[PDB]
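Below you'll find the structure, written out as C-alpha cells, and then a few comments.
Ideal geometry is used to build each Cβ from the backbone, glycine not excepted, and the neighbour counts take in all protein chains shown. Only the coordinates and a few stated rules stand behind these numbers; no lab work does.
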Ligand SMILES: Nc1ncnc2c1ncn2[C@@H]1O[C@H](COP(=O)(O)OP(=O)(O)O)[C@@H](O)[C@H]1O
Ligand SMILES: Nc1ncnc2c1ncn2[C@@H]1O[C@H](COP(=O)(O)OP(=O)(O)O)[C@@H](O)[C@H]1O
Ligand SMILES: [Mg+2]
Ligand SMILES: [Mg+2]
Ligand SMILES: [Mg+2]
Ligand SMILES: [Mg+2]
C-alpha cells in the first residue's frame, strides 16, 4: 500500500507525500516552468525581464541575468528550488552560463519525462546520461584551443570573449566601447583575481556611452575642513588606527583624583598624547593621510595646520583598493617610519561627477585597482549595466586564470551533440535512446538561441548538424543575418571553463532530480 | 492590447478569457488528460474503471467502455 | 455570446449584430474597421482636433470610398 | 437651541432658512445646468446614462438627459420641470431653458448675497421678460404671401436648423425634407400618433425611408 | 494572419495597384503565387462592403460624439 | 492607465472645489467684520468655551481639511 | 521565405503594449504643466503634506505610480534633473510620445530591435542637428545669462 | 488539472489598486486588533479610531490611563474625577467596551478595567478590580493603591497670566 | 555639517583645543547682526568679510510655505540653467523651435532612408513633433494650425521661428529673449532615447 492511501493515516495535519508518477509529474512541471521562464533571455537577441517586488519597499529590477531572475522569485516546487540553487552555484563559480545551464537542465528533464513515458527505467537514463556526459566532456576538451603564449592572440581572444559575453546584455548597444573598457580593467589587475579590486561606481544621469574607466582611481569620501584640496607628487600613508578619542585599551582604567585641576591636567595629557601620535604620523613625511576609521576634530585640525590632506572613514575595501592602486602599506603603528612603504601618485584633486564631488587619484604608481564610472538614464539601466559588466569581468578573469577557449554560437554544443550521437549509435539497449535524448537537448540549446531571434531555427540547426557531421568543427550560428558561419573568423569565442561547468552542472542536476520517485513534505510553519 | 490585460475592464463579474498561449495550453492539457484517462482501458489487456457518483444515490459502476467513462465525469 | 459590461463593448456587439442582420457576412470586418477608425481618431484627438470634425471627415471619406466602390464594382450573372 | 423635551415638529425634520439656502439653491441650479451644458449647438456632444438595470441611454436632448438624471434637490427639480414644459409645448429648446435660468440665477446671486430683497429681483425679471417677449414678437420675420414654394423652403430650413445638432446632422437635409413631407400630409390636427416611426436594426441612415 | 509581414506586403500591393491600374490586387493569403484576386476568384458583394463602411462610420461617429458617462 | 493609488481632480472641478473652500472659510468669519459685527463661540470636544471676534483666533481654533482653506487660515 | 516563424507566445506584445500605455498615461498626466502657460499641480501624499509644484521631477516623484514603466520614467526625470536641472517634463513627454509611436510601429509588424537601432540613428542625427543649430555664448555676456534665467523662471 | 506553476505575472501589477486598498483596510483593522489583544488573554486569563490615534499620539513621558465601562462604576468614575482634579498633568479618559468591540468574556466578567498606558506599552493592566479594591472605597484609597506600585506621578494664580521676541530693550 | 560652509564663507579655521586658539585663526568680518523679520522670526546676518569665500546665500520669503517651496524649486532650476551655460557653453532658441526643426530634418532623413528603419525614424520625428503641439495647446492657440505654420516657417529657412505666447502667434523668438542652453535639449533627447530603448528591450514581468 501507500502512506497516504492507507486506511490508517500516518502523517500530521498539513503533511502529505507524492508517489512515483505524481512526484515525477510535479518535478518535471517545476523544471519545465523554470526553464521556460529563464529562456527567451538567451543569446544575442534575448529580451529582459521585469522583477516587480511585492514587498513593502517594492523594489523594481529589470535584468537579463538568469541567476538574478531565479533568485528573486517565490519558488515552491522543490525541483525548481534545485534548479535555482544550481544556477546560483554556477553564477558563483563563473560569471556566465546561468541561463545556459538552467535551460540545458530543463531540456534534459523534458527528454527524461519523454523517455519515462516511453517506459524506460530512470536508472537506464542515468547511465546513458553519464556515458553521454563523459563523451561530450572529452569532445569539448579536445576541441579547446589555447593562445596564452601569444600576447596579441591572447588579447584578441579576450576582446572576443568580452564581446560574446556582452552581446546578450543591454550593453550590446555600445559593445565595442564596453568590451574595451572591461578588457583594460581586467588587464590592469596584473594577474590578480580579486574582482573587489575593481570598483564600479554608478552615477545617475548621462548617456550609457558616457561610462568610462578612470586612468587612476576615484574615492567617494571627503576631506578635512582646513586641509588642501589639491596636491601634486603626493606621498600617501594608508592607516587603520583609531584617531577618534583614542582610549587606552586597559578597560579597567579610570581617572580617580580629588580636584578638578587634576582632571584638567589629565585632559591636557590626553590631548598631548593625540598630538604626539599626529607628530609620529607626520614624521613619515607625507602629503595625504588616509585612515580607515573616523578622524575627530583635534587630529583633523592638527593635519590642517601641517597642510596635509586627511581622508577619513575609508572602509576596509577603500583602504585595500588604495593600497593596491598606490602601493602603500596599511599601517597601525608609527614607531618605525623606515619600515612602512608610502603610496605615491602624481596628482590628487576633487572632480565633479554629476552633482557629487569625488576624490580623484591621477598618475598612480601601481594601478592594480580600477574604478569604473557608469552613467545611465534610469536606476534600472545602471543596475543592469553593473550586472553585465560584472559578468564580463568574471569571465575575463576566468579566462586569465585558464586561457583555454572554445567557440560559441552553438558550435561547442553542436560538436558535443555530434560526439554524443556517435557514441549513441555504437551501443545497444535503451541507453542509446537516453544518449540520443541527451544529444537532442544539447542541440535544443542553439535551437532556443535561434528561436529568440525569430530565425528559421529548424533549418539552421539542421545545417549546423550536417556541417558538424561532415567535418566542419567550427561551424556555428551567424546571428548577424541568420546563417551559418565560421566562429574562428567571426570572433565568437567563449571560455572553456564556462562551457565545461555548464555541461557538468546541468548533467548533475538532471541526474539528481531524475533519481527522485517520492516527495514528502512536512507540515508548513 | 489584450481584452483582459488593459487598464479598462471589459467584462462582467466572473467573466474571463484566455489568449493564444493560455487557450492552447488549457485545451491541450484538457485533451491530454482525457486521453490519458480513457487509455489504459484499450486493447485485449485493457483494465476496467470504477465510477463513484457524488450524488445522494451514489451509484457504483464498473466499466471498460470509453464512452461510458467519458459520460459520467464532470469536465470543466 | 461575449459577456461584456463596458457600454462601448455593447455598442460594438450591436454593430456586429446589425451587420449580420442586414448582410449576413462581414460581421468581423465592421468591428476591426471601427476599432482602427477610433484608434486613428485617438491620435487625431491628441493633436487638438474636435471630435465632431473627426466624425465629419470620416463621413466625407466614407462617402468617397462608397463612390469608389461603386465605380470599381463588377456585375455577375 | 434647547432639547425641549416636548418638540414642535417631528424628530429628524431638516430646515434651512435665510440667504445661505437661497445661495445653495442657486448653486444646485448651476450644477444641473452644467450636466447638459455641452449638448448645445452643432458642436454639441451626447451624454450616456446607465440606470440601475444596466440599460444605457445616449441622447443629445436636454429634456431626456434631465429626466434620466435622478434629481432630488427641491430647487433643482424646477429646471427639470421647465425643461419638460418646453419639450411639451414646443419640443425644442430644452437645453436653452435650463442654461438661461441658471445664468439668470448666477447673475443675481451677488445681489442676493449683499441683502437685496427678492421681490425687487422678481419684479425686474417680470419686466425684462415682458419687454423681451414684446421685442421678439415685434422683430420676428414673417411673410404674408402664402406661397407654397417659399413656405416649404421655410419649413425645410427650420427643420434643418432644429436637426443640425444631432448625430443625424450629416444627413440633415435628407431627414428635413422627409420630415416636412411627412408633416404636410397630416390633415388638420397634426396628431403625432398619425406619423408612425418604425426602427429596424441594420443599414445606414440614408437607407431609412418615408412611406406614403 | 497568413504569417506574411503586414507592412511590407501591404506597401508592395499598394505600389503595384498604383503602378498598374488594377484594383483587384490583394493579399495572397493562401499563397497561390499570384496577387490578382480576379484569377483567384475571391469575390465579395458590393452591398456587403458598402454596409460595412457605412455602419462602421456611423458607430464611430456615435462613439466620438459621446463625452459623458454616468454609470451608477 | 495612470495606476496611481489615489483620487484625481482636473480642470473645472478642482478650481471650483478650491473656490468653494475659500468662500466657506470667508463666510465663517464674514459675520465679525466692522463695529456692527458680532462675536462667535467656539466649543471644543471637552467642553472648553472660547468667545472671540478676532479672525485669526477663530481660524486657528477650527479644524481645517481642505488645503486651500489651510492656505487662507495661515494667511 | 513564405509563412515565416509563427509567434507562439504573443505575451511579450501584451507587456510592451502595457508599458507603452503606462508611459503615455504618465505623459498625459504631466502634459499640461509645460510652457509659460502651464499650470501647477497639487499633490497630497498619504500624510497631510501638500505640494504645489510645476517641476516635472517633483510631480513625478511625489506621486506613487505603481507601474514599472512609470517608475522608470520617474527615474528618467530624476536623471535629467541631475544632469541638466530643467527640462524634466519635456524629456518625459518625449519618451511618452516615442512609445506612442512604437505602438503603431509594433502593430505594423516591426521587431522591437530594429526600432531601437533606428531610434539610435535618429537620436544621433538629431544631436548633430541641434549642435548645428546652436550658437556660441560667453560667460561675460550678462544679457544671455539673464535671458536664460528669465526663460527658466517664466514657466513657474 | 495541471500548470501548477501559474506565474500570475502581470495580474498583481495590473490590479494593484484593489489589492492595496484591501491591504490598507486590513492593516487598519490590524492596529485595532493588536491594541485590543494586549488586554484579552494576556491579562484576562490570569469610535475605535479615536482610541487608536489617542494611544498612538502624545508624549511617551506622560502616564495616560483609560477606563473600559458599560452602562460600582459610578463610584469609580467619581474617584477618577477626583484624581483628575488632583492630578491635572494626567489625562484620565474612559471609553465603552462596545465601542472597542472587545470579547464577550471581558464584557461579562471584566466590567471594571483600569488600563494604564505609558509610551505605547501596558505598564499596568488592572482588570476586574472589584475583589482587590472593593465597591465603595474613596478616591484616596485608589490613589494609595495605584501609588504603592510606583505608577502614578509624585500655588494658584488669579485666573491666567499667559498671553515678536523683543521682550524689553532700553539701549539707546 | 555646516562647519565647512561656515569656514569657507568667513575664513575661520576651526579650533578643537584651547592651546591652538590664536588670533590668526579668526575670521574678520565687517558686521555681524541679528535681525528680526517683522515679528516672523529672527535671522543672524554676517555681511562683509575680509577675503570673502566663494559662497553665497539666498533668503527666500513668502506668504505661505507652499509658495516658498515653489520659489526655492524655481530658483534651483534657474541656477541649474546657469550651470548648464557654464559647461557646454552653447545656446539655442526655445519656444518649441528645436523640436519642430528636429521633426522636419528627421522627416527628410527618413525620406533619405529605406526599409522599416525609415518608418521608424519617421515615427521618431512625428513623436518629436509633440512638444510644439503641447506648447500651442495650454495657450489657447489652435495646435494643428500653429504646428503647421511652425513647420512651414522652418522649411522656409527660419531656424529661430517658434511659438509666441505674448502675441498669441508665431514669430521669431530670439527677439523675444526665449533661449535655453544646448545641454538641456541634447540631454533630454539622449536620456529619453536611452530609456525608450531600455523599455523596448523588455518582454516579461515577474513578481517576486
Ligand atoms: N555574438 C554571438 N553570436 C552567436 N552566439 C552568441 C553570441 N553572443 C552570445 N551567444 C550565445 O548566447 C548564449 C547565452 O549567452 P548569454 O545570454 O550572454 O549568457 P548566459 O550563458 O548566462 O545565457 C551563449 O551560449 C553564447 O553561445
Ligand atoms: N516665453 C516663452 N515663449 C515660448 N516658449 C517658452 C517660453 N518660456 C518657456 N518656453 C518653453 O516652455 C518649455 C517648458 O519649460 P519649463 O516648463 O520651464 O520646464 P520643462 O522643460 O521642464 O517643462 C521649454 O521647452 C521652453 O522652450
Ligand atoms: Mg552571458
Ligand atoms: Mg465572411
Ligand atoms: Mg434644438
Ligand atoms: Mg524649465
Hey, among the residues in segment C:12-26 that are in a helix (DSSP H, G or I) and surrounded by fewer than 17 Cβ atoms within 10 Å (Cβ to Cβ), which one's farthest from the other protein chains (Cβ to nearest Cβ)?
-> C:13
Have a look at C:9, C:36, C:65, C:55 and point out the one that is surrounded by fewer than 14 Cβ atoms within 10 Å (Cβ to Cβ), under 15 Å from the mean Cα position of the chain (by Cα), away from ligand 6 (no atom under 16 Å from the Cβ) and assigned to a helix (DSSP H, G or I).
-> C:36
Does residue A:55 meet the test of being assigned to a loop (DSSP other than H, G, I, E, B), over 30 Å from residue A:401 (Cα atoms) and over 25 Å from the mean Cα position of the chain (by Cα)?
-> yes
Of all the residues that make up segment A:171-212, how many are within 14 Å of chain G (Cβ to nearest Cβ) and either under 16 Å from the mean Cα position of the chain (by Cα) or within 16 Å of ligand 4 (Cβ to nearest atom) (or both)?
-> 1
Only one of (1) in contact with a helix residue (DSSP H, G or I) (Cβ under 7 Å, 6 or more places away or on another chain); (2) in a helix (DSSP H, G or I); (3) away from ligand 3 (no atom under 16 Å from the Cβ) does not apply to residue A:75, and that is (2)
From the list C:31, C:4, which residue is part of a loop (DSSP other than H, G, I, E, B) and surrounded by 15 or more Cβ atoms within 10 Å (Cβ to Cβ)?
-> C:4
Just for segment A:62-81: of the residues that are away from ligand 1 (no atom under 16 Å from the Cβ) and surrounded by 22 or more Cβ atoms within 10 Å (Cβ to Cβ), which one is farthest from the chain's Cα centre (by Cα)?
-> A:79
When the residues of segment I:119-172 are filtered to those that are within 11 Å of chain C (Cβ to nearest Cβ) and either in contact with a strand residue (DSSP E or B) (Cβ under 7 Å, 6 or more places away or on another chain) or within 16 Å of ligand 5 (Cβ to nearest atom) (or both), which remaining residue is nearest to residue G:120 (Cα to Cα)?
-> I:132
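Conditions tested, residue by residue: (1) more than 23 Å from the chain's Cα centre (by Cα); (2) farther than 29 Å from residue A:228 by Cα.
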residue	(1), (2)
I:39	yes, yes
I:51	yes, no
I:77	no, yes
I:93	no, yes
Wholly inside segment I:95-177, helices (runs of 4 or more DSSP H) that include 3 or more residues that are within 16 Å of ligand 6 (Cβ to nearest atom) are I:97-112, I:130-136
Are any of the residues in segment G:101-117 touching a strand residue (DSSP E or B) at 6+ places or on another chain (Cβ under 7 Å), assigned to a helix (DSSP H, G or I) and at the interface with another protein chain (Cβ under 7 Å from one of its Cβ atoms)?
-> no
What number of residues in segment D:147-175 are within 13 Å of ligand 5 (Cβ to nearest atom) and away from chain C (no Cβ under 14 Å)?
-> 6
Residue H:4 meets each of (1) within 14 Å of another protein chain (Cβ to nearest Cβ); (2) within 25 Å of residue H:151 (Cβ to Cβ); (3) surrounded by fewer than 15 Cβ atoms within 10 Å (Cβ to Cβ) with one exception, condition (2)
Identify all residues within segment I:4-23 that are within 17 Å of residue I:53 (Cβ to Cβ), more than 7 Å from every other protein chain (Cβ to nearest Cβ) and out of contact with any helix residue (DSSP H, G or I) (no Cβ under 9 Å at 6 or more places or on another chain); write none if there are none.
-> I:5, I:6, I:8, I:9, I:10, I:11
If you check F:3, F:32, F:9, which single one turns out to be surrounded by 12 or more Cβ atoms within 10 Å (Cβ to Cβ) and away from every other protein chain (no Cβ under 13 Å)?
-> F:32
Determine which member of the set G:35, G:48, G:87, G:2 is more than 30 Å from residue H:25 (Cβ to Cβ) and away from chain I (no Cβ under 11 Å).
-> G:2
Here is a list of conditions, (1) closer than 30 Å to residue A:60 by Cβ; (2) buried (at least 24 other Cβ atoms within 10 Å of the Cβ); (3) more than 24 Å from the chain's Cα centre (by Cα), and residue I:203 meets all of them except one; can you say which number that is?
-> (2)
May I ask you to verify whether residue C:44 is within 14 Å of chain D (Cβ to nearest Cβ) and surrounded by 14 or more Cβ atoms within 10 Å (Cβ to Cβ)?
-> no
Within segment I:71-111, of all residues that are over 26 Å from residue G:142 (Cβ atoms) and within 7 Å of chain G (Cβ to nearest Cβ), the one surrounded by the most Cβ atoms within 10 Å (Cβ to Cβ) is I:101
Any chance you could count how many residues in segment A:98-109 are away from ligand 3 (no atom under 16 Å from the Cβ) and away from chain H (no Cβ under 14 Å)?
-> 3
Using the structure shown, decide if residue D:90 is within 14 Å of another protein chain (Cβ to nearest Cβ) and either under 30 Å from residue E:52 (Cα atoms) or more than 16 Å from ligand 3 (Cβ to nearest atom) (or both).
-> no
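Here's the yes/no breakdown for (1) closer than 21 Å to residue I:113 by Cα; (2) surrounded by fewer than 24 Cβ atoms within 10 Å (Cβ to Cβ):
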site	(1), (2)
G:45	no, yes
G:55	no, no
G:72	no, no
G:108	yes, yes
G:115	yes, no
G:122	yes, no
G:125	yes, yes
G:131	no, yes
G:142	no, yes
Could you run through segment F:1-25 and say how many residues are within 12 Å of the chain's Cα centre (by Cα) and farther than 17 Å from residue F:61 by Cβ?
-> 6
Kindly indicate which of G:68, G:136 is facing another protein chain (nearest Cβ under 7 Å) and buried (at least 22 other Cβ atoms within 10 Å of the Cβ).
-> G:68
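Residue-wise test of (1) part of a loop (DSSP other than H, G, I, E, B); (2) surrounded by fewer than 13 Cβ atoms within 10 Å (Cβ to Cβ); (3) more than 16 Å from ligand 6 (Cβ to nearest atom).
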| residue | (1), (2), (3) |
| --- | --- |
| D:160 | no, no, yes |
| D:166 | yes, no, yes |
| D:178 | no, no, yes |
| D:188 | yes, yes, yes |
